[PDB]
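My questions will all concern the structure given below.
For neighbour counting, all protein chains shown are included, and Cβ atoms are generated from backbone atoms with ideal geometry for every residue, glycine included. Derivation of every value follows stated rules applied to the coordinates shown; laboratory data play no part.
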Number of protein chains: 2
Amino acid sequence: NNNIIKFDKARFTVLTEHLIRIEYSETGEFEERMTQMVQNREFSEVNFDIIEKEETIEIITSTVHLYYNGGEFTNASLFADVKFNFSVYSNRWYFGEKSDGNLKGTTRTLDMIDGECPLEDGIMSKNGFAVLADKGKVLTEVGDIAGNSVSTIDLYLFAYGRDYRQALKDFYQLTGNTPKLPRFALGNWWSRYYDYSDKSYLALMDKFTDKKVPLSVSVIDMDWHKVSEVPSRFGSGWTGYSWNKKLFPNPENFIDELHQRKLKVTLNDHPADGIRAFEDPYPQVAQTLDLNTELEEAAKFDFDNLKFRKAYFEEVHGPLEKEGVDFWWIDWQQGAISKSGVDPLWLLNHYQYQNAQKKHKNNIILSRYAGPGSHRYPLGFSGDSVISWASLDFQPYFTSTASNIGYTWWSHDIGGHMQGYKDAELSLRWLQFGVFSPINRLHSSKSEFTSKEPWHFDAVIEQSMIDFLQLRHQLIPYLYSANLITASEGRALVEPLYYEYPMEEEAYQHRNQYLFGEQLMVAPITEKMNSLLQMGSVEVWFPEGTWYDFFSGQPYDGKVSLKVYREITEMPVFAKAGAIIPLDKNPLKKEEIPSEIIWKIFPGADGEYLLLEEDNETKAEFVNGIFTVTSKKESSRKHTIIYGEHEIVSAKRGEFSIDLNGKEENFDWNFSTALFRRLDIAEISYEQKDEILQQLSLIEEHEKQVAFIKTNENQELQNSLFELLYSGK
Amino acid sequence: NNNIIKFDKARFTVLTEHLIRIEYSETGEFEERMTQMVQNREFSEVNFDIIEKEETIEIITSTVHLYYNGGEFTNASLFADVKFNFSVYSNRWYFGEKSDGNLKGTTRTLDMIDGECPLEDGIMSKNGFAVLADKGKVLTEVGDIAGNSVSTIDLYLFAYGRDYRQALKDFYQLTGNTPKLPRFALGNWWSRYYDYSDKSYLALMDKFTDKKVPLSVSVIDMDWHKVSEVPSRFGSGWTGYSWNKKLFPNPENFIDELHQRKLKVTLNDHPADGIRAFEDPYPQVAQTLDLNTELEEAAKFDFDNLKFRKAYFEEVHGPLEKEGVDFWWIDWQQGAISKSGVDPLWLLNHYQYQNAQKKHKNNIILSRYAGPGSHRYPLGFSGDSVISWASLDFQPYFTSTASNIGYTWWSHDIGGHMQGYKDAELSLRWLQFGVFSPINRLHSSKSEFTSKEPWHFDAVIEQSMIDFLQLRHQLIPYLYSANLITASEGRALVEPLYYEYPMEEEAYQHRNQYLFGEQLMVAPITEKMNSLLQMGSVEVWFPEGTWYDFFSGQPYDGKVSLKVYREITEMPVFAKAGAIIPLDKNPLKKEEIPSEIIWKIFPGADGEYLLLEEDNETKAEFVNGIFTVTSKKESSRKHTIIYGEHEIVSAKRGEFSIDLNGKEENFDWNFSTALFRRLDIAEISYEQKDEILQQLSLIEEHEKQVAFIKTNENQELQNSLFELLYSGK
């Protein structure tokens, strides 16, 4: 290509104006094969300039000067200046050195993490550049490990400035797009490390139905297989591939019952102790792998070994798949050691994801993060988080930041995995976040005390959990459409604020705040409520424009940073004037695609929404007060229209256009009602409640209502009252 | 041997079913010579299985699968699975990696340690396996350093599960048994970093006698030699080999006076500055080592050098030994550097222990820990601990954990060495521990304020210290018998609870609690007393069975974890029903072996005790209430029998049998007396004392006495009263 330049023992490939591959080869041969990370180096031709001398080369694009002075790559011989002024003297990359500015990415797991842990770098930087080292093995054409690259140094310099979305799109072009998820992945999952029987698991699935909680996925954790029944001469029962016949006497019939309830079924797989001589598949595996059965030779876990992988997929998983297991939960915690030097977690996710496509279209796994490019193998499984306010407070930041290395389908144990402390409000706050996260999978530890069942809790917590779990299914149309946008356009469902607002300092100062698809902005509450107010709070940054609480219609004039207060049953989620959000009208109804969609419109601006589905595209447009719905293909689907407060049209078939210029724009939300409710629940003096209600009702001028609350001795009560006055301004 | 297998460049030796040597050699030659650590690889033949293929080998014993995949040893090529289920996924050893579970061992020294310090691994693990790397030099047949092993990797995989005592016995078979100590080592030692004269040292030894404190050892610290009198051109006076003639004008006569008092004598040796030209032995050493005397060439410390070692033993130590020095206190603090790569501390302990056997049978040194196998050179000397409650609180755990690397004769500075803070109760608690430790050596810093003399303190502390110092000499028969059991059977005097109770979780949760020989269980108090109770406390785990306070007879029904309270003058030490403890009846009487033994019997079960002595074995048996004493050889020894409370037989000669079925089984200890004493000393309100005494006397039902104390506002007083109610149940 004209986009390739060789100099001394180095090779430079200008992939985009903002992305340069940098290689070193001792042997004069450079690597064309794919790697664990890189799937594609075919990019459209771009313009750049070169200054090539006897001893030095300079490559010049719109955004970077890359310099190479010959010899081995050192911090002195290989370095780059960006053509940006985001910093005073952090604008230079030096080979092998770290600079300030990296917005971070993700890490393997939250196992044993109570609150924060360190993250790896991503490709996004406030200073406009990042280097992504390719240290992986080469692949063959069909995707097996081929050994060591002949490019013994192979780097990708990203110099996208603060065009983070383009950086991520081009990262997906280099490393491969995220595959499409199946719609079932986006519903509620039930999971618990608990020794259910077939009977008690079905009873619980039937109780969810009776309780009006919709589920898409039934997880069965490790007590599906033998555990205490494993003789100790074999080691533990952590790894298992044999049903516990007491609990599951007829596994296929049990899985058939979950399938009749329209559930997908996954089993926990702890692979590290392989297939030992007590296991039901051991005689077949022993025959295939020529094991010494009289010395009970184990088929040890070895995902570098083609014959082992084949026996694992065909003879260990295969029989369980025939019984109706839909996909695999790979729960790998036993380290990064293999003879090849490839992390066994990477070998599991890569080969198991590929194997899962044989039985079902667009199938998934559930496994931990295996490094850059491992987004090709959804879903992410963060693991054994400690049950704490601190863990919840980290998790939104964790989730949105992961988009910076393209890993956009994290599934967290909703409510936390293990250890930690009981607090029903923590459980409820965690579920609110989970509903507005990539995947909503309830899971817990082996404790008798950690079930995430809503009815574990009091009547208030129970009803709120059921409400949010129903909301998750209402959101599946929006989630599935965003999923197809991830797969086709390389846009994350969960974005940090700085993707949309890269030049706004406040977009970097609200770590737990994020965009959720294109129409919603979420600010989860991740701190225990103030008992004096009976409300939790978070500081929300409202960008320029008019924003509405998604639930209440409470309005906010951006741009402003404002502390917002919500009761434990309520979550801060916001939509702009002109937002159009589809919702399943029948979230409890078992059906492949919604028979009815609610179009929820926020007045005050034009807008539009494209609902992508398996077999259709439906465009909702709101222009000069006219709402129009059209689709590629016709269907019997019935559309409901909600304009602000009011249901305008109920269950109307086919394409149509309705004029909403006539209709009531304003939500009911009003200062006086909200004021009365905040004062009423507060655990403060009745004399203070009486004085605040009286004075805020009597005082007419907005500035004097604010002066009145400014004298209040309760500082947090001032901030709560200020939120209502700001919304009522 | 059939117990030897070669594969690729590796050699495996199956020493036991649970112990495998693993070697790598580039040259095809493997090491048969002894090392600093390993003295013996002759073990009886054992059965095991092999699966040997073209590219891999598996060795299978009753407890482990060892795998080697060929090539250099890496975490991928060399690894082992244990045949135990003590953990879910910590059952695999990987070459060069650490696993969870190690119960730890010991470290060189407590120099400058205030409380806890990190310890090295031992051979014991809760998960059932440990690797002990042999990184030492090879020895010649006679025990000199021969250079580098030809086994450039040489490892010992221990896979004993929780059979910790067998692991330790087989470690002693590999590394050599601990030698027998001499009986004098087990008595009280006096030491102080203080510039005594011959006259003032003898006066102090005569004051111990007048004060009824028995001593076995007289330590003379570094002010024995010139210190301030050393010209500064030579460096410091820390190293010295020349008597200070002002303080010791006639050293042999002074040592003769200590010998007439039946004391053994040791001098501090700081070896690091060698033999400099001012020293009394320098002219002889200079002649032997061909030094340049007109340039005052020093004989620098060089224990790699055969001629230096010979001149050190014969011409430096030899003259002081002729004056009557019995053994050497090696106080080495000057680092681990030598030309050979052997730690100078190891060279000192190895060669000085060997040299000490020339002048006396079963002689000792006193020196810091020099790594695995250095138990062959007793005694351990932990050094310059900081005087603190924190240091004392670490020391029992430190001492029992050291058994896990076979280093079972730690001598700690009793009361702490230096710095820290005055607290007479800390001094008394420390001496209580020391009496129930491997060695009871009182020692202190150069301060005018840190003497460990009992009469330094008030009359209460003084009497209690004298009482415990007398108890140490009463215990010498028991200690000397345990010493011969260490030397002959490889059983530690001090064991962690988990040696006896490996499957009891509570045996891992009482770090300062230990077995002391086979008949006593000790729970030292290592925290300042609660001034409200005037008592200190420790949580004691009582194993299954009936236990008695060794001192009071207070009973405890196991299994239970119970906080116990003792006045500062009292120590928690416990014996089971059926325990038989010999005691010297005449601890102040200077005599080589006790002329009279008290047999202290705890009623309620059968038992037995074997008293091993220099020239006799005496068996005490208690079966169906009949007490029998027999011996290999006859003697004039007189036996006293104490059955629970009562002296049954006084000063009876020879073999005999007495029936104790007739005699009073029960101790005097009673709830009411103990209750009155705890309330009486407590610094609480008299109204509370009156109400507790009245209500606990009136309320008849045990459950209602416990309910009454459960309402007490003083939580620690509740726990103290609960201990008495539990013992009275």
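Which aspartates and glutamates does A:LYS212 reach when only Cα atoms under 13 Å apart count, and residues fewer than 8 places away in its own chain are ignored?
List returned: A:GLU453, A:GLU462, A:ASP467.
Run the dipole for segment A:200-326 about the Cα centre, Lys and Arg Cβ at +1, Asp and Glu Cβ at -1, nothing else charged, and hand back the magnitude in debye, nearest 20.
Details: 16 positive and 23 negative charges, 110 e Å.
Once rounded to the nearest 20, the dipole reads 520 debye.
Right, something else. At A:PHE551 and A:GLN166, where each label point lies 7 Å from the Cα along Cα→Cβ, what is the point-to-point distance in nanometres?
4.0 nm
Moving on. Rounded to the nearest 20 Debye, what is the dipole magnitude of segment A:440-573 about its Cα centre when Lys and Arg each give +1 and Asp and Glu each give -1 at the C-beta? If you can, show how the numbers build up before the last one.
Details: 10 positive and 19 negative charges, 83 e Å.
The dipole of segment A:440-573 has a size of about 400 debye.
Assigning unit charges at the beta carbon (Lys, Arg +1; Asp, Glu -1) and nothing else, what dipole magnitude in debye, to the nearest 20, does segment B:278-381 show about its Cα centre?
Numbers: 11 positive and 15 negative charges, 142 e Å.
Charge dipole, segment B:278-381, about its Cα centre: 680 debye, nearest 20.
Let me ask another. Within segment B:270-311, whose backbone N sits under 16 Å from a point 7 Å along Cα→Cβ of B:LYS322?
From segment B:270-311, the list is B:280-288, B:311.
Taking B:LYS262 in one copy and the same position in all the others, each labelled 7 Å out along Cα→Cβ, what are the pairwise distances from the first, in nm, shortest first?
So the label point of B:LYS262 gives 9.6 nm to the other copies.
Give me the inter-chain shielding for B:85-95: mean count of other chain Cβ atoms within 10 Å, whole number please.
Averaged over the peptide's residues, the number is 5.
Hey, what's the Kirkwood Rh for the protein assembly as shown if you take every pair of different alpha carbons, in angstrom?
Values: mean 1/r = 0.0260 Å⁻¹.
That comes to 38.5 Å for the protein assembly as shown.
Sort A:279-285, A:253-259 by the packing proxy (mean of other Cβ within 10 Å over each peptide's residues), most packed first.
A:279-285, A:253-259
Amide H to amide H under 5 Å from A:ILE365: which residues, 5+ apart in sequence or cross-chain, H placed 1.01 Å off N in plane?
Correct list: A:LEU379.
With a 10 Å Cβ neighbour count serving as the proxy for reagent exposure, in which order, fewest first, do B:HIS443, A:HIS510, B:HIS350 appear? Don't skip to the answer; put the middle values down first.
Working: B:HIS443 26, A:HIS510 19, B:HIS350 23.
So the residues, fewest neighbours to most, are A:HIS510, B:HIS350, B:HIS443.
Run the label-point distances for B:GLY143 please: 7 Å along Cα to Cβ, every other copy, nanometres, shortest first.
Copy-to-copy label distances for B:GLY143: 6.6 nm.
Next question. How far apart are the B:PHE449 label points across copies, placing each 7 Å from Cα toward Cβ, in nm, shortest first?
Reported distances to equivalent positions: 4.8 nm.
May I ask for the distance between the Cα centers of segment B:296-324 and segment A:172-212, given as a whole number of Å?
So the separation of the two Cα centres works out to 79 Å.
Can I ask one more? What number results when the radius of gyration of segment A:579-729, computed over Cα atoms, is divided by 2.2 N^0.38 Å? Please list the in-between numbers first.
Values: Rg = 21.7 Å, N = 151, 2.2 N^0.38 = 14.8 Å.
Normalised by 2.2 N^0.38 Å, the Cα Rg of segment A:579-729 equals 1.46.
Right, another one. If you count, for every residue in A:231-240, the Cβ atoms of partner chains within 10 Å of its Cβ, what is the mean?
Details: counts 2, 6, 6, 5, 12, 8, 2, 5, 2, 0.
Taking all residues of A:231-240 together, the mean is 5.
For a Förster distance of 45 Å, can you work out the FRET efficiency between the beta-carbons of B:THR628 and B:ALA424, rounded to the nearest 0.05? All intermediate terms of the calculation are to be shown ahead of the outcome.
Numbers: r = 45 Å, r/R0 = 1.00.
Efficiency computed from Cβ-Cβ geometry: 0.50.
Evaluate the relative contact order of chain A (contact order divided by residue number), counting alpha-carbon pairs under 8 angstrom at least 6 apart; express in whole percent. Walk me through the numbers before you get to the answer.
On the way: 1538 pairs, mean separation 67.9, N = 729.
Here the relative contact order equals 9 percent.
Just grab the label-to-label distance for B:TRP455 and B:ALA605, each label 7 Å out from Cα along the Cβ direction, in nm (one decimal).
It is 4.4 nm.
Taking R0 as 25 Å, what FRET efficiency do you get between B:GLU504 and A:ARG233 from their Cβ-Cβ distance, rounded to the nearest 0.05? Don't jump to the answer; show the numbers that get you there.
On the way: r = 23 Å, r/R0 = 0.91.
Taking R0 as 25 Å, the efficiency between B:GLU504 and A:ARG233 is 0.65.
A further question follows. Where the centroid of each part is defined by its Cα atoms, how far is segment B:457-487 from segment A:663-705 in Å?
Taking the Cα centre of each part, segment B:457-487 and segment A:663-705 sit 79 Å apart.
Just the Kirkwood number for chain A, please: inverse of mean 1/r across all distinct Cα pairs, in Å, one decimal. Walk me through the numbers on the way to the answer.
On the way: mean 1/r = 0.0356 Å⁻¹.
One decimal place: 28.1 Å for the Kirkwood radius.
Fewest to most neighbouring Cβ within 10 Å: what's the order for A:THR628, B:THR293? Mind showing how you got there, number by number?
Working: A:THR628 14, B:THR293 11.
Ordered by Cβ neighbours within 10 Å, fewest first: B:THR293, A:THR628.
Something else now. Identify the chymotrypsin sites (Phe, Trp or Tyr not before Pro) of segment B:364-452 meeting these criteria: DSSP loop state and at most 15 other C-beta atoms within 10 Å of the C-beta.
On the way: sites: B:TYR369, B:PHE381, B:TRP389, B:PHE394, B:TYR397, B:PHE398, B:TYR407, B:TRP409, B:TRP410, B:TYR421, B:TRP430, B:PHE433, B:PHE436, B:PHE449; in loops: B:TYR369, B:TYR407, B:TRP409, B:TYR421, B:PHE436, B:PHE449.
Qualifying residues, ordered by number: B:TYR421, B:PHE449.
Please work out whether segment A:158-238 counts as rounded, prolate or oblate from its C-alpha gyration tensor, where a ≥ b ≥ c are the square roots of the eigenvalues and a/c under 1.5 means rounded, while otherwise a/b larger than b/c means prolate and anything else oblate?
Working: a/c = 4.36, a/b = 1.72, b/c = 2.54.
Oblate, because a/c is 1.5 or more while a/b does not exceed b/c.
So between A:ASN253 and A:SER197, what do we pick up on full extension, going 0.36 nm a residue minus the alpha carbon distance?
Numbers: separation 56, 0.36 × 56 = 20.16 nm, distance 1.28 nm.
Additional length available on full extension: 18.9 nm.
Per residue of segment B:683-695, what does 6.51 cos²θ - 1.76 cosθ + 1.60 with θ = phi - 60° give for ³J(HN,Hα)? Whole Hz please, x for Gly and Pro, Karplus curve as stated.
8, 10, 5, 5, 5, 4, 4, 4, 5, 4, 4, 5, 6
Per residue of A:330-336, what is the mean number of Cβ atoms on other protein chains within 10 angstrom of that residue's Cβ?
Other-chain Cβ atoms within 10 Å of each residue's Cβ, averaged: 2.
Also, I was wondering about something else. Along the axis that rotates chain B into chain A, which residue of chain B has the nearest beta-carbon, and what is the gap in whole Å?
Checking which Cβ lies nearest the axis yields B:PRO118, 14.
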